[PDB]
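Below: final-v1.txt (compact mmCIF, C-alpha atoms and all ligand atoms)
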# COMPACT_ATOMS: atom_id res chain seq x y z
CA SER A 57 0.00 0.00 0.00
CA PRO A 58 2.62 2.77 0.79
CA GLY A 59 4.30 2.54 -2.65
CA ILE A 60 1.16 2.34 -4.84
CA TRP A 61 0.22 5.19 -7.19
CA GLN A 62 -2.45 5.60 -9.87
CA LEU A 63 -2.05 7.74 -13.03
CA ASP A 64 -5.04 9.79 -14.19
CA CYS A 65 -5.50 12.08 -17.23
CA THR A 66 -8.15 14.81 -17.64
CA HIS A 67 -8.73 17.61 -20.24
CA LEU A 68 -9.18 21.34 -19.57
CA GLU A 69 -8.90 24.46 -21.83
CA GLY A 70 -7.55 22.47 -24.80
CA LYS A 71 -4.76 21.06 -22.59
CA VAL A 72 -4.19 17.86 -20.62
CA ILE A 73 -3.72 17.60 -16.84
CA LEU A 74 -1.73 14.51 -15.83
CA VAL A 75 -2.31 13.48 -12.20
CA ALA A 76 -0.55 10.91 -9.98
CA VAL A 77 -2.66 9.81 -6.97
CA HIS A 78 -1.13 8.03 -3.94
CA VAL A 79 -3.95 5.49 -3.50
CA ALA A 80 -3.79 5.00 0.32
CA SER A 81 -3.73 8.73 1.23
CA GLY A 82 -5.42 10.56 -1.64
CA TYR A 83 -2.29 12.81 -1.98
CA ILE A 84 -1.69 14.11 -5.53
CA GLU A 85 0.98 15.53 -7.86
CA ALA A 86 -0.17 17.10 -11.17
CA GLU A 87 1.21 18.81 -14.26
CA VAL A 88 -0.23 20.53 -17.36
CA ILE A 89 1.01 19.15 -20.73
CA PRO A 90 -0.12 19.90 -24.38
CA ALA A 91 -1.18 16.27 -24.94
CA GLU A 92 -0.62 12.90 -23.29
CA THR A 93 2.37 11.16 -24.94
CA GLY A 94 4.70 8.36 -23.80
CA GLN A 95 7.53 10.93 -23.45
CA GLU A 96 5.44 13.28 -21.22
CA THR A 97 4.26 10.32 -19.06
CA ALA A 98 7.80 8.93 -18.78
CA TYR A 99 9.19 12.32 -17.67
CA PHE A 100 6.32 12.80 -15.13
CA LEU A 101 7.03 9.30 -13.60
CA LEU A 102 10.80 9.99 -13.41
CA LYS A 103 10.04 13.21 -11.46
CA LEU A 104 7.51 11.51 -9.13
CA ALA A 105 9.86 8.56 -8.31
CA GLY A 106 12.75 10.90 -7.42
CA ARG A 107 10.44 12.61 -4.86
CA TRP A 108 8.39 9.73 -3.33
CA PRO A 109 9.16 5.97 -2.92
CA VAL A 110 7.18 4.74 -5.97
CA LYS A 111 6.97 0.91 -6.01
CA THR A 112 3.99 0.38 -8.31
CA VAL A 113 2.13 2.57 -10.81
CA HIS A 114 -1.27 1.68 -12.21
CA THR A 115 -1.16 3.22 -15.71
CA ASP A 116 -4.18 5.30 -16.81
CA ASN A 117 -4.73 3.48 -20.14
CA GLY A 118 -3.32 0.79 -22.47
CA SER A 119 -1.23 3.20 -24.56
CA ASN A 120 0.81 4.31 -21.53
CA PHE A 121 0.93 0.66 -20.37
CA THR A 122 2.27 -0.37 -23.84
CA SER A 123 4.60 2.62 -24.50
CA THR A 124 8.26 1.51 -24.74
CA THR A 125 9.24 5.02 -23.42
CA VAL A 126 7.02 4.60 -20.32
CA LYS A 127 8.40 1.08 -19.76
CA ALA A 128 11.99 2.49 -20.00
CA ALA A 129 11.22 5.17 -17.37
CA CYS A 130 9.66 2.52 -15.10
CA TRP A 131 12.75 0.32 -15.56
CA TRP A 132 15.11 3.26 -14.83
CA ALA A 133 13.23 4.33 -11.69
CA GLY A 134 12.64 0.79 -10.33
CA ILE A 135 8.86 1.04 -10.74
CA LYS A 136 6.64 -2.00 -11.33
CA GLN A 137 4.46 -0.89 -14.22
CA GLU A 138 0.96 -2.28 -13.79
CA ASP A 139 -2.40 -2.16 -15.66
CA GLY A 140 -5.76 -0.83 -14.27
CA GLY A 149 -15.54 5.98 -9.49
CA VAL A 150 -13.41 7.74 -6.87
CA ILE A 151 -11.00 8.88 -9.66
CA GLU A 152 -13.94 10.47 -11.56
CA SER A 153 -14.96 12.34 -8.36
CA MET A 154 -11.33 13.47 -7.86
CA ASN A 155 -11.16 14.85 -11.44
CA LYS A 156 -14.45 16.70 -10.76
CA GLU A 157 -13.09 17.97 -7.38
CA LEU A 158 -9.86 19.14 -9.04
CA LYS A 159 -11.75 20.95 -11.79
CA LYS A 160 -14.00 22.53 -9.14
CA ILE A 161 -10.93 23.90 -7.27
CA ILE A 162 -9.38 25.10 -10.57
CA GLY A 163 -12.59 27.00 -11.34
CA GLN A 164 -12.52 28.65 -7.87
CA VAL A 165 -8.91 29.93 -8.31
CA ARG A 166 -9.00 30.53 -12.12
CA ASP A 167 -9.42 34.30 -11.59
CA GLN A 168 -6.22 34.55 -9.45
CA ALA A 169 -4.08 32.84 -12.14
CA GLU A 170 -3.33 33.95 -15.71
CA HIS A 171 -1.71 30.56 -16.57
CA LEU A 172 -3.59 27.24 -16.38
CA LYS A 173 -0.45 25.58 -14.84
CA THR A 174 -0.57 28.16 -11.97
CA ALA A 175 -4.25 27.34 -11.31
CA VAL A 176 -3.45 23.58 -11.42
CA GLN A 177 -0.65 23.93 -8.82
CA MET A 178 -2.96 26.05 -6.62
CA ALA A 179 -5.54 23.21 -6.83
CA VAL A 180 -2.81 20.63 -5.92
CA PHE A 181 -1.92 22.81 -2.88
CA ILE A 182 -5.57 23.14 -1.73
CA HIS A 183 -6.33 19.41 -2.26
CA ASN A 184 -3.24 18.22 -0.36
CA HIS A 185 -3.76 20.60 2.61
CA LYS A 186 -7.57 20.03 2.95
CA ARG A 187 -8.33 18.56 6.39
CA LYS A 188 -10.90 15.75 5.99
CA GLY A 193 -9.08 15.45 10.79
CA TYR A 194 -5.93 14.84 8.74
CA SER A 195 -4.95 16.17 5.29
CA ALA A 196 -3.73 13.98 2.37
CA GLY A 197 -0.23 15.51 2.88
CA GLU A 198 -0.21 14.39 6.54
CA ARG A 199 -1.56 10.90 5.65
CA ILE A 200 1.05 10.19 2.92
CA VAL A 201 3.95 11.13 5.28
CA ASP A 202 2.53 9.05 8.17
CA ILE A 203 1.91 6.02 5.89
CA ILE A 204 5.44 6.12 4.45
CA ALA A 205 7.17 6.77 7.84
CA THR A 206 5.44 3.74 9.40
CA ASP A 207 6.85 1.63 6.49
CA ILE A 208 10.42 2.85 7.30
CA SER Q 57 13.49 22.65 11.50
CA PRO Q 58 10.91 20.39 9.64
CA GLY Q 59 9.48 23.28 7.55
CA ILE Q 60 12.77 25.00 6.58
CA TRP Q 61 13.98 25.02 2.97
CA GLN Q 62 16.85 26.76 1.17
CA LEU Q 63 16.76 27.89 -2.49
CA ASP Q 64 19.89 27.41 -4.59
CA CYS Q 65 20.65 28.34 -8.23
CA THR Q 66 23.42 26.85 -10.43
CA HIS Q 67 24.29 27.11 -14.18
CA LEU Q 68 24.82 24.24 -16.64
CA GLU Q 69 24.81 24.06 -20.50
CA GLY Q 70 23.62 27.67 -20.89
CA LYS Q 71 20.63 26.92 -18.63
CA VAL Q 72 19.80 27.41 -14.94
CA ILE Q 73 19.05 24.65 -12.43
CA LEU Q 74 16.88 25.86 -9.54
CA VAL Q 75 17.15 23.66 -6.43
CA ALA Q 76 15.15 23.59 -3.18
CA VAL Q 77 17.00 21.86 -0.29
CA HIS Q 78 15.18 20.66 2.87
CA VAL Q 79 17.87 21.81 5.33
CA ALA Q 80 17.42 19.14 8.07
CA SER Q 81 17.42 16.10 5.73
CA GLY Q 82 19.38 17.14 2.64
CA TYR Q 83 16.36 16.10 0.44
CA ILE Q 84 16.07 18.08 -2.82
CA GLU Q 85 13.63 19.10 -5.57
CA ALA Q 86 15.08 20.66 -8.77
CA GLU Q 87 13.98 22.05 -12.13
CA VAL Q 88 15.71 23.33 -15.29
CA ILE Q 89 14.67 26.87 -16.40
CA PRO Q 90 16.09 29.21 -19.17
CA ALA Q 91 17.07 31.88 -16.62
CA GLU Q 92 16.27 32.72 -13.01
CA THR Q 93 13.35 35.20 -12.89
CA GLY Q 94 10.84 36.15 -10.17
CA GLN Q 95 8.08 34.37 -12.16
CA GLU Q 96 10.08 31.08 -12.45
CA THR Q 97 11.00 31.21 -8.72
CA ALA Q 98 7.40 31.98 -7.72
CA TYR Q 99 6.06 29.04 -9.78
CA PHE Q 100 8.74 26.67 -8.36
CA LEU Q 101 7.80 27.69 -4.73
CA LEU Q 102 4.05 27.24 -5.42
CA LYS Q 103 4.78 23.68 -6.66
CA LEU Q 104 7.08 22.83 -3.71
CA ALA Q 105 4.57 24.12 -1.07
CA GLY Q 106 1.71 22.07 -2.55
CA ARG Q 107 3.88 18.92 -2.12
CA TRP Q 108 5.71 19.46 1.23
CA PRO Q 109 4.78 21.52 4.36
CA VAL Q 110 6.93 24.59 3.56
CA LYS Q 111 7.02 27.01 6.53
CA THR Q 112 10.13 29.03 5.73
CA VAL Q 113 12.24 29.54 2.61
CA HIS Q 114 15.71 31.08 2.68
CA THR Q 115 15.90 32.84 -0.70
CA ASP Q 116 19.07 32.30 -2.79
CA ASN Q 117 19.79 36.01 -3.40
CA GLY Q 118 18.47 39.56 -2.85
CA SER Q 119 16.62 39.75 -6.19
CA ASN Q 120 14.41 36.77 -5.32
CA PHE Q 121 14.07 38.15 -1.76
CA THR Q 122 12.96 41.55 -3.21
CA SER Q 123 10.79 40.27 -6.12
CA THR Q 124 7.12 41.28 -5.68
CA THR Q 125 6.16 38.09 -7.66
CA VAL Q 126 8.14 35.86 -5.25
CA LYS Q 127 6.60 37.68 -2.25
CA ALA Q 128 3.09 37.11 -3.77
CA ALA Q 129 3.75 33.35 -4.16
CA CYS Q 130 5.06 33.18 -0.57
CA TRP Q 131 1.93 35.03 0.63
CA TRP Q 132 -0.37 32.70 -1.38
CA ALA Q 133 1.31 29.52 -0.12
CA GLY Q 134 1.68 30.65 3.53
CA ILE Q 135 5.47 30.69 3.36
CA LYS Q 136 7.63 32.97 5.53
CA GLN Q 137 10.05 34.45 3.02
CA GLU Q 138 13.46 34.87 4.62
CA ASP Q 139 16.95 36.13 3.61
CA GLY Q 140 20.24 34.09 3.68
CA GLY Q 149 29.89 25.77 2.07
CA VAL Q 150 27.63 22.69 2.17
CA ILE Q 151 25.47 24.24 -0.63
CA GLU Q 152 28.60 24.62 -2.84
CA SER Q 153 29.44 20.93 -2.23
CA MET Q 154 25.83 19.96 -3.07
CA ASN Q 155 25.98 21.89 -6.38
CA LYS Q 156 29.26 20.09 -7.16
CA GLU Q 157 27.71 16.71 -6.14
CA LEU Q 158 24.65 17.39 -8.33
CA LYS Q 159 26.80 18.33 -11.32
CA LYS Q 160 28.91 15.19 -10.73
CA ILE Q 161 25.75 12.99 -10.86
CA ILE Q 162 24.49 14.86 -13.96
CA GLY Q 163 27.82 14.16 -15.68
CA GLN Q 164 27.55 10.43 -14.82
CA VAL Q 165 24.03 10.10 -16.35
CA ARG Q 166 24.41 12.69 -19.18
CA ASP Q 167 24.94 9.90 -21.77
CA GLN Q 168 21.59 8.19 -20.86
CA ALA Q 169 19.60 11.43 -21.36
CA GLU Q 170 19.15 13.55 -24.50
CA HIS Q 171 17.48 16.40 -22.51
CA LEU Q 172 19.22 18.26 -19.66
CA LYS Q 173 15.92 18.21 -17.64
CA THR Q 174 15.92 14.35 -17.86
CA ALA Q 175 19.51 14.22 -16.54
CA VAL Q 176 18.59 16.69 -13.74
CA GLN Q 177 15.62 14.54 -12.59
CA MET Q 178 17.84 11.42 -12.71
CA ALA Q 179 20.33 13.27 -10.44
CA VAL Q 180 17.44 14.27 -8.06
CA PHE Q 181 16.42 10.56 -7.94
CA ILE Q 182 19.98 9.33 -7.20
CA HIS Q 183 20.64 12.06 -4.58
CA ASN Q 184 17.38 11.43 -2.70
CA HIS Q 185 17.77 7.60 -2.67
CA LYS Q 186 21.52 7.56 -1.73
CA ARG Q 187 21.98 5.77 1.61
CA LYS Q 188 24.47 7.74 3.74
CA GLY Q 193 22.29 4.26 6.83
CA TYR Q 194 19.28 6.35 5.80
CA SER Q 195 18.61 8.24 2.54
CA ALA Q 196 17.53 11.93 2.34
CA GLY Q 197 14.05 10.70 1.21
CA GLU Q 198 13.72 8.55 4.36
CA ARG Q 199 15.01 11.38 6.63
CA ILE Q 200 12.58 14.04 5.30
CA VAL Q 201 9.55 11.72 5.81
CA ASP Q 202 10.69 10.72 9.34
CA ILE Q 203 11.36 14.37 10.33
CA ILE Q 204 7.95 15.55 9.09
CA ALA Q 205 6.00 12.56 10.58
CA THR Q 206 7.51 13.18 14.03
CA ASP Q 207 6.24 16.82 13.76
CA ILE Q 208 2.67 15.54 13.06
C1 LIG M 1 3.36 40.59 -14.36
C2 LIG M 1 2.80 39.34 -13.77
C3 LIG M 1 2.57 38.13 -14.35
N1 LIG M 1 2.14 37.28 -13.34
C4 LIG M 1 1.82 35.93 -13.40
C5 LIG M 1 1.86 35.35 -14.78
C6 LIG M 1 1.52 35.26 -12.25
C7 LIG M 1 1.21 33.78 -12.22
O1 LIG M 1 2.26 33.04 -12.85
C8 LIG M 1 3.48 32.65 -12.15
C9 LIG M 1 3.10 31.67 -11.05
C10 LIG M 1 4.25 33.83 -11.58
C11 LIG M 1 4.28 31.98 -13.24
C12 LIG M 1 -0.10 33.47 -12.95
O2 LIG M 1 -0.25 32.51 -13.68
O3 LIG M 1 -1.02 34.37 -12.73
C13 LIG M 1 1.48 35.98 -10.95
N2 LIG M 1 1.22 35.36 -9.73
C14 LIG M 1 2.09 35.51 -8.55
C15 LIG M 1 2.08 34.27 -7.67
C16 LIG M 1 0.68 33.72 -7.32
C17 LIG M 1 -0.01 34.64 -6.31
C18 LIG M 1 0.83 32.33 -6.70
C19 LIG M 1 -0.15 33.63 -8.61
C20 LIG M 1 -0.15 34.94 -9.40
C21 LIG M 1 1.76 37.37 -10.97
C22 LIG M 1 1.60 38.28 -9.79
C23 LIG M 1 2.70 38.97 -9.27
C24 LIG M 1 2.56 39.81 -8.18
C25 LIG M 1 1.31 39.96 -7.59
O4 LIG M 1 1.23 40.75 -6.47
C26 LIG M 1 -0.05 40.89 -5.81
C27 LIG M 1 0.04 41.74 -4.55
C28 LIG M 1 0.92 41.15 -3.47
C29 LIG M 1 0.38 40.37 -2.47
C30 LIG M 1 1.18 39.84 -1.46
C31 LIG M 1 2.52 40.10 -1.50
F1 LIG M 1 3.31 39.63 -0.50
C32 LIG M 1 3.10 40.86 -2.48
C33 LIG M 1 2.28 41.39 -3.46
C34 LIG M 1 0.21 39.30 -8.11
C35 LIG M 1 0.36 38.47 -9.21
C36 LIG M 1 2.12 38.03 -12.18
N3 LIG M 1 2.51 39.28 -12.42
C1 LIG M 2 12.62 8.58 -29.33
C2 LIG M 2 13.08 8.88 -27.94
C3 LIG M 2 13.32 10.08 -27.35
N1 LIG M 2 13.64 9.81 -26.02
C4 LIG M 2 13.92 10.69 -24.99
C5 LIG M 2 13.96 12.13 -25.39
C6 LIG M 2 14.11 10.21 -23.73
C7 LIG M 2 14.36 11.10 -22.53
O1 LIG M 2 13.34 12.09 -22.42
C8 LIG M 2 12.06 11.82 -21.77
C9 LIG M 2 12.32 11.57 -20.30
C10 LIG M 2 11.29 10.67 -22.39
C11 LIG M 2 11.31 13.13 -21.99
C12 LIG M 2 15.71 11.81 -22.65
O2 LIG M 2 15.88 12.98 -22.33
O3 LIG M 2 16.65 11.05 -23.14
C13 LIG M 2 14.08 8.74 -23.47
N2 LIG M 2 14.23 8.17 -22.21
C14 LIG M 2 13.27 7.19 -21.66
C15 LIG M 2 13.18 7.27 -20.14
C16 LIG M 2 14.53 7.30 -19.39
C17 LIG M 2 15.18 5.91 -19.44
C18 LIG M 2 14.29 7.69 -17.93
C19 LIG M 2 15.45 8.32 -20.07
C20 LIG M 2 15.55 8.12 -21.57
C21 LIG M 2 13.85 7.89 -24.59
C22 LIG M 2 13.95 6.40 -24.55
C23 LIG M 2 12.85 5.60 -24.85
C24 LIG M 2 12.94 4.22 -24.82
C25 LIG M 2 14.14 3.63 -24.48
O4 LIG M 2 14.17 2.25 -24.38
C26 LIG M 2 15.40 1.61 -23.99
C27 LIG M 2 15.25 0.10 -23.88
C28 LIG M 2 14.27 -0.34 -22.81
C29 LIG M 2 14.71 -0.66 -21.53
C30 LIG M 2 13.82 -1.08 -20.56
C31 LIG M 2 12.50 -1.17 -20.89
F1 LIG M 2 11.62 -1.62 -19.95
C32 LIG M 2 12.02 -0.86 -22.13
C33 LIG M 2 12.92 -0.45 -23.09
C34 LIG M 2 15.26 4.41 -24.20
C35 LIG M 2 15.16 5.78 -24.25
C36 LIG M 2 13.61 8.44 -25.88
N3 LIG M 2 13.28 7.85 -27.03

For this file, write the structure as structure tokens.
Amino acid sequence: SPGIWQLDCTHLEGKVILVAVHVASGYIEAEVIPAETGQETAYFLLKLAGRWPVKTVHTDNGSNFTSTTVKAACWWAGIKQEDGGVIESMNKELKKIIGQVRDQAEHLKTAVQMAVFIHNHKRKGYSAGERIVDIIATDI
Amino acid sequence: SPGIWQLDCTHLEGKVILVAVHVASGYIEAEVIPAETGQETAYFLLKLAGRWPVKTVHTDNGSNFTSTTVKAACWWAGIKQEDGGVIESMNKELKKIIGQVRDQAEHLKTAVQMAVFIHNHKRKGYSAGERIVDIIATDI
């Protein structure tokens, strides 16, 4: 459970938001990209694995599961690349937060990082940021 | 101590590498940018604070300390913006790792994230990644 993450992809303003969800805590990392490609997904996973102890990733679709570039990043970072409700509600929640801050940000990427901040600090009482740290520290 | 970070800027291949160091653990986050600007620093701090509980940031120089854009990001994210050896040795260590992986990466940003991965997982026995999680979980 502590090393399991789920990839998720959603569209907004003609752009793609790639999200990594830490399944046990609900903690997220997200980035805005022009379109989902194997190279963008591979780079996102390399970043995530250098920051958190990523053991397994459930890919968001069969193209990212199949991608030789994604498989190479998973090999490099020591990640077990795996296949495939609450994710749909999290995409809706993220878009809701983005809408609420959209006026404070000129760039979509700024609004997305503001939403990541709000989601991870929301007490619902522990926050997702507190839960991920507690889950991983117990495993050490 | 658990919420204290230090910004650091270094040059490589006509580009700038912006680094955030968690002082107590030695854990790092890094990004490649064309040049250090208030907007790039503000965006980097917004990302960092959505991922880790950032209480204080020691800015890397007086321009980032003065920047109204950096001060706005610190205000938004609830960060106390503060002023100003081992950092010089960490820039040298990071460049050394980048040199060792440079042949496996076409893009400089790929090599930088590989170096972040290696630095954070290096056991020296706990790693910086284990130390940051343990330090923050004790504070919760
Ligand atoms: C020119 C330009 C572009 N520009 C742009 C592009 C942005 C944003 O992009 C990045 C993140 C900088 C790339 C954006 O996408 O909108 C920006 N932001 C600053 C940081 C933020 C508050 C997290 C989001 C808004 C400012 C700005 C700079 C000074 C501001 O000062 C407000 C009074 C004040 C309050 C508290 C303080 F402590 C100090 C000042 C406000 C907005 C800006 N300015
Ligand atoms: C066309 C192109 C650009 N391109 C580029 C730009 C890159 C790198 O950029 C990003 C990170 C993708 C934007 C780069 O900056 O170099 C890249 N990398 C993949 C991930 C990495 C191993 C973390 C770094 C190298 C590959 C590639 C793709 C398949 C590879 O397969 C190697 C046999 C194999 C081993 C284990 C496996 F499980 C599966 C395959 C090797 C390299 C690539 N390809």

At most 8 Å is the cut-off: for each residue in chain Q with any atom that close to an atom of chain A, write down the nearest atom pair and the distance in Å rounded to one decimal, counting only C-alpha atoms, chain first then increasing number, as CSV.
residue,atom,partner,partner_atom,distance
Q:85,CA,A:107,CA,7.3
Q:99,CA,A:174,CA,7.0
Q:102,CA,A:177,CA,6.7
Q:103,CA,A:177,CA,5.8
Q:105,CA,A:181,CA,6.9
Q:106,CA,A:181,CA,3.7
Q:107,CA,A:181,CA,7.0
Q:108,CA,A:197,CA,7.3
Q:109,CA,A:197,CA,8.0
Q:133,CA,A:181,CA,7.9
Q:174,CA,A:99,CA,7.0
Q:177,CA,A:103,CA,5.8
Q:178,CA,A:102,CA,7.2
Q:180,CA,A:106,CA,5.8
Q:181,CA,A:106,CA,3.7
Q:182,CA,A:106,CA,7.4
Q:184,CA,A:106,CA,6.6
Q:185,CA,A:106,CA,7.7
Q:197,CA,A:107,CA,7.3
Q:198,CA,A:208,CA,7.2
Q:201,CA,A:201,CA,5.7
Q:202,CA,A:205,CA,5.5
Q:204,CA,A:201,CA,7.1
Q:205,CA,A:202,CA,5.5
Q:208,CA,A:198,CA,7.2

Just write the chosen residues, C-alpha atoms, as a PDB file, in the coordinates of the input.
ATOM      1  CA  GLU Q  85      13.630  19.100  -5.570  1.00  0.00           C
ATOM      2  CA  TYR Q  99       6.060  29.040  -9.780  1.00  0.00           C
ATOM      3  CA  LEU Q 102       4.050  27.240  -5.420  1.00  0.00           C
ATOM      4  CA  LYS Q 103       4.780  23.680  -6.660  1.00  0.00           C
ATOM      5  CA  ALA Q 105       4.570  24.120  -1.070  1.00  0.00           C
ATOM      6  CA  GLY Q 106       1.710  22.070  -2.550  1.00  0.00           C
ATOM      7  CA  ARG Q 107       3.880  18.920  -2.120  1.00  0.00           C
ATOM      8  CA  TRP Q 108       5.710  19.460   1.230  1.00  0.00           C
ATOM      9  CA  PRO Q 109       4.780  21.520   4.360  1.00  0.00           C
ATOM     10  CA  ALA Q 133       1.310  29.520  -0.120  1.00  0.00           C
ATOM     11  CA  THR Q 174      15.920  14.350 -17.860  1.00  0.00           C
ATOM     12  CA  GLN Q 177      15.620  14.540 -12.590  1.00  0.00           C
ATOM     13  CA  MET Q 178      17.840  11.420 -12.710  1.00  0.00           C
ATOM     14  CA  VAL Q 180      17.440  14.270  -8.060  1.00  0.00           C
ATOM     15  CA  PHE Q 181      16.420  10.560  -7.940  1.00  0.00           C
ATOM     16  CA  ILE Q 182      19.980   9.330  -7.200  1.00  0.00           C
ATOM     17  CA  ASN Q 184      17.380  11.430  -2.700  1.00  0.00           C
ATOM     18  CA  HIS Q 185      17.770   7.600  -2.670  1.00  0.00           C
ATOM     19  CA  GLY Q 197      14.050  10.700   1.210  1.00  0.00           C
ATOM     20  CA  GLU Q 198      13.720   8.550   4.360  1.00  0.00           C
ATOM     21  CA  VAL Q 201       9.550  11.720   5.810  1.00  0.00           C
ATOM     22  CA  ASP Q 202      10.690  10.720   9.340  1.00  0.00           C
ATOM     23  CA  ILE Q 204       7.950  15.550   9.090  1.00  0.00           C
ATOM     24  CA  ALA Q 205       6.000  12.560  10.580  1.00  0.00           C
ATOM     25  CA  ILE Q 208       2.670  15.540  13.060  1.00  0.00           C
TER      26      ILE Q 208
END

| message | Neighbouring residues of ligand LIG 1 (chain M) are defined here as those with any atom at most 10 Å from a ligand atom, counting only C-alpha atoms and all ligand atoms; list them as a PyMOL selection string. | response | (chain A and resi 165-178) or (chain Q and resi 93-103+122-137)

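Going from atom CA of residue Q:77 to atom CA of residue Q:140 covers 13.3 Å.
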
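Take atom CA of residue A:76 and atom CA of residue A:91: the distance between them is 15.9 Å.
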
| Pick from A:81, A:57, A:68, A:62 nearest to residue A:138, counting only C-alpha atoms | A:62

| query | atom CA of residue A:89 and atom CA of residue A:73, how far apart in Å? | reply | 6.3 Å

| query | Do you know which residues are at most 7 Å from residue A:72 counting all atoms listed in the file, after dropping those on the same chain fewer than 2 positions away, and could you put them as a ChimeraX atom specification? | reply | /A:65-68,74,88-92

| request: Choose the residue, out of A:151, A:64, A:82, A:121, that has the smallest atom-to-atom separation from ligand LIG 2 (chain M); count all atoms listed in the file. | output: A:121

| Mind listing as a list in words all residues within 7 Å of (0.4, 6.2, -4.8), counting all atoms listed in the file? |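 I get residues 58, 59, 60, 61, 62, 77, 78, 79 and 80 of chain A for the residues within 7 Å of that point.
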